[PDB]
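Examination of the molecular architecture
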Amino acid sequence: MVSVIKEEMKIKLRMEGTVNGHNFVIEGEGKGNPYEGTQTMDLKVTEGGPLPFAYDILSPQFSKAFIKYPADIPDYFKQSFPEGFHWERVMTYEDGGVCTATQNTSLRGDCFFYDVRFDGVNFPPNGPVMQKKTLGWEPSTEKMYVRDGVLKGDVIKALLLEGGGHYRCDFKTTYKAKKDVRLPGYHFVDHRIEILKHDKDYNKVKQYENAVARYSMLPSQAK
Amino acid sequence: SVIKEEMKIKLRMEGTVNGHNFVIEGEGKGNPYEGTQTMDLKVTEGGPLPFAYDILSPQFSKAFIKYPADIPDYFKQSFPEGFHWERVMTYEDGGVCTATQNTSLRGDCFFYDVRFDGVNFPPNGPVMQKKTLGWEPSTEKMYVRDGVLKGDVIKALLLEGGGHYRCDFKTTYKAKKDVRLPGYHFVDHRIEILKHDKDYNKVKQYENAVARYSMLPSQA
Amino acid sequence: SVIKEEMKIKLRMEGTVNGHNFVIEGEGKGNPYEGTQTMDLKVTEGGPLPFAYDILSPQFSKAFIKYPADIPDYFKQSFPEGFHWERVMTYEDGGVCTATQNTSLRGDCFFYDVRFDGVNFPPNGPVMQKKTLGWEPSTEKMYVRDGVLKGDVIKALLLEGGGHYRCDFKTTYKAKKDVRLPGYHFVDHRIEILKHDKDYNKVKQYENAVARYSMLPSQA
Amino acid sequence: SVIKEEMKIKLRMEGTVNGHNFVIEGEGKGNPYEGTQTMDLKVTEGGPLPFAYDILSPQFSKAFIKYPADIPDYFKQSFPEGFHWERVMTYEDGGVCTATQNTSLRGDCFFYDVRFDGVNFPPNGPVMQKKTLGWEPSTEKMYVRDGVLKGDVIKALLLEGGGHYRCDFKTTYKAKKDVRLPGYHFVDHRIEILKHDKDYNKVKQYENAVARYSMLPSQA
Ligand SMILES: [Ca+2]
Ligand SMILES: [Ca+2]
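Residues numbered from 1 in each chain as written, not as in the entry; some residues may be left out. Chains lettered and ligands numbered in written order. Heavy atoms only, no water.

Looking at the entry header, you'll see X-ray crystallography listed as the method and 1.84 Å as the resolution.

Here you go:
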């Protein structure tokens, strides 16, 4: 327990972005259990819908305070409050599409406020993103390590495709606390992001993420 | 033809680099058929920029390439409707920038609206430490893919400490109407800062750009 | 069936890193169904190696992954015919390695033949200066593509002085016969050096590898 | 000088692509100060090659670049001792090739020893399906890094049926003795297949290479 982060917390989100020159805005509202690593958010496309690209490319941009951290791994995100943190992200898809995102996370009362900027370029016109042939993300494990006094997270994620097969994306994120925090050693955050409900064009989406931090499953054999 | 031999330019860029928001406005003039242009840039919000201005200069003009008669001019043909472009810029130390640009035309003036975003620049790298000294001249490689025009180019910034800092550009240019598509070709560029104040709040920038095929004849 | 509870391994690697040619011979043994193995490696040509031995250790064994019954085991299913694999390793400072490996089976012994090549390592980087302190444990992501099995993983080497040195692994595993293909899954790995002489001409290394689905339950 | 107006070439390459081993021997001759050369290549083991021969042609000669007097010639200066080079070749569909080359000189003949390795080529991509129609001409960008010479270039294979297939080349050239280092410059290349037999077991190829600065004058 950190007194400023309660056992149940609310979320409010705004995203502005551009994908292949198409502008859009998304608003979100959610709530979760930060120490349980679970959360649900309801997302609504408010400008630019129906999105001409796969909703899936956005869903990982929608919450690092909701990771279940064991007591022995320092929690970069929960320690950063009340000041909060921002993050910066590159997503390199294997067919030349590239997305950047910058996010600000602040805290007021029992509510987290997320402001996201998202930009995607060079998606092929007949590729799975602009043809909306994706079917959600496989579960993944982000690798968290310190670089220049801030926290990096890297993971190769994969979208399931219509017809089978996968579509890969290299995530490189830098997380930057707005005050000094105890820094963790190298570790893993398992993630599983799921779409619980969507309308036909994904104008209205309920999504859920479960995230848990850990060291490796395998024992050390160090001599 | 709706493009005169001398045209004005108006530009607005908004963006975020390393989490820092900024706005730049620009006015310029150029000779579209000569391949040359000059533009005056003012940082109107978020100044002084905490990162090297150089990462922005190549985002500030495709109608001002000198195209020979035997290479279709994808950009000039697109008017009056215009075109937009999309770009990823991958720096060798992990900094990555994206940019999206819309080009429209009214009267004797092109209007440029640019969104620019940079992430993951190392804090002691040359961009965040402002150690850059302008771009080398370069040669963009231009080729059609899926009915639009791509341009890829190896670029390099000169460094205060010596050596170069490398950036790979991959751009997609998308005309807003059907045009005569060009074959594979090259555009030589040289972007130069003519004048800047100490903090690069005000910058006078120049570019020369010329399309061509290879300088080397074919053997048979 | 052809794969017993204990199996021997014989290995030959021929390679060039930074223009330096070398040969490594290895003999090992392990328990394929338990996901464990030990190997003794000797640099027989080109030692002492002028680069970090760590870049080699992940090149030294896919039959030794503990596979649960509900995930098809691509590697064990491929025998007696065996499989080969192809790998690119992209280091964050510009070093790139490739490797091609053939895995065959004769009696109770696996035979590994590996070609390894490393190019463009910076002369003052951690690989050429031997500043690495082993790999962090990792999780390979395995997924089918074009009828064969790919594995992707971002790995990290620990560095003298603190911090990590990242490497993007992209492997394609290709069975020499038709097998049941698995769905998307994970293989946890931990590679450890048990013993080494001063210049790493002689190394005993150990690996534990276990395949699994996600740790997290699904809510759909 | 040790480098005459006409020089012979002898070459051997050993390689593995998509798990397929091969050996190629070559002999050629050229005019180092004119920037031109011709080579006859023969697949001596592993023919017929199951992949596009085009991926090999750029691995077959930097002493044959026409250098003007005001750019130091990194390669010619290195003789009689010579140089070696290292290269990564990242194709847009995930194929990656590495190569390491040693260049020596005896009498009036250059001796080239090449290792080549290609991995992760998609089985229905243009390389494994032999759908390529040679390289577009290109401009390699030369610059000093860590006391040696780097060359980076955007290259593109023309494809049967139209379109291009891109490959990024990153090379490090390493003289075996210290030489006068050049400033940032450009080497235009045009590499062409003049003649081949049915299975590309025998190939005659030609290259023209000329070093220069930018075409465009400085305004600043
Ligand atoms: Ca790098
Ligand atoms: Ca690709």
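With that settled, the discussion passes to the coordination of the calcium ion (ligand 2). Each protein donor to the calcium ion (ligand 2) is listed here as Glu94 of chain A (O) and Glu92 of chain D (O); together their distances run 2.3 Å. You can see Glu94 of chain A sitting in the loop between strand 4 (85-93) and strand 5 (98-108) and its partner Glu92 of chain D sitting in the loop between strand 4 (83-91) and strand 5 (96-106), one on each of two chains. Given the relative accessible area of 30%, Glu94 of chain A is considered partly exposed. When its relative accessible area of 36% is taken as the criterion, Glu92 of chain D is described as partly exposed. (Donors = N, O, S within 2.8 Å, 3.2 Å for Na, K, Ca; no water. Helix = DSSP H or I, 4+ residues; strand = E, 2+ residues; numbered from the N terminus. Buried < 20%, exposed > 50% of the residue type's maximum accessible area, 1.4 Å probe, protein only.)

Now for the side chain of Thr100 of chain B. With respect to the helices and strands, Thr100 of chain B occurs in strand 5 (residues 96-106). Discounting chain neighbours no more than four positions away, the residues touching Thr100 of chain B are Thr18, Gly21 and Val121 of chain A together with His84, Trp85, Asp113, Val114 and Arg115 of chain B. (Contact = heavy atoms within 4.5 Å.)

Buried accessible area, meaning the area lost when the parts come together, often serves as the stated size of an interface. The interface of chain D with chain C comprises 25 residues on the first partner and 24 residues on the second. Around 1,700 Å² of area is buried between chain D and chain C when both sides are counted, 52% of it from carbon and sulfur atoms. Applying the counting criterion to the chain D and chain C interface returns 0 salt bridges. Inspection of the chain D/chain C interface yields 10 residue pairs in polar contact. For the side of chain D that touches chain C, the elements supplying multiple residues, two or more each, are strand 4, strand 5, strand 6 (109-119) and strand 10 (164-175) of chain D. Residue composition of the side of chain D that touches chain C, grouped by class: 6 nonpolar, 11 polar and 8 charged. (Buried area = accessible area lost by both parts, 1.4 Å probe. Salt bridge = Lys/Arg side-chain N within 4 Å of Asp/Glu carboxyl O. Polar contact = N/O pair within 3.5 Å; in protein donor to acceptor, adjacent residues only side chain to side chain. Nonpolar A, V, L, I, M, F, W, Y, C, P; charged D, E, K, R; others polar.)

All names here are of chain A. By secondary structure assignment, the location of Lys78 is in helix 1 (residues 76-79). Looking at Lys78, the relative accessible area reads 5%, which means it is buried. There is a polar contact of 2.7 Å between the side chain of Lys78 and the backbone oxygen of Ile67. The contact partners of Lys78, leaving out residues within four places of it in the chain, are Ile5, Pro34, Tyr35, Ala65 and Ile67.

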